[PDB]
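In structure tokens, one chain follows: the form solved without the partner chain.
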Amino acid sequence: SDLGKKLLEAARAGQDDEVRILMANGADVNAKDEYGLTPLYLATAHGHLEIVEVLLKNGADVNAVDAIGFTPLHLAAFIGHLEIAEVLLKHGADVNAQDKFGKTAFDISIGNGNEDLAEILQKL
């Protein structure tokens, strides 16, 4: 909560080393900000691969959703971040998870012309 706020801030700002320190001190990996978002979502939104990997290793929730029902996998599909998608899948991101309008991460990747990301999703 105190450390959760600091963790949300470090994820937003791409502060890799601050994230590692906060993990080492037991910060809430799934802290939520006033927008209802978690460090994993925020780091994914920014393309911060190292921070994503660290959060996942410390138990970050892959099923956390935003206001439209986007999981971090949906967001990675939208932005086209191949490596972040791959690590989310390795940690159990649900390839069948549907947003508010019934779209899977695959659907999102195709809608946003991210062909390479669509391929890794189709494979699973």
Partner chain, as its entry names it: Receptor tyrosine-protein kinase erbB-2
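Residue numbers count along the first chain shown, from 1.
Quick note: we don't show the form deposited with the partner chain bound, though the next part is all about it.
Interface residue remark: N112 is counted as part of the site for the partner chain in the deposited complex, having a heavy atom within 4.5 Å. Residue contact with the partner chain in the deposited complex: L49 places no heavy atom within 4.5 Å of it. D66 belongs to the set of residues with a heavy atom inside 4.5 Å of the partner chain in the deposited complex. For the chain shown alone, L56 is not a contact residue for the partner chain in the deposited complex, no non-hydrogen atom being within 4.5 angstroms.
Residue heavy atoms within 4.5 Å of the partner chain in the deposited complex occur in exactly one stretch of 75-83, 88-96, 56-64, 24-32, and that stretch is 75-83.
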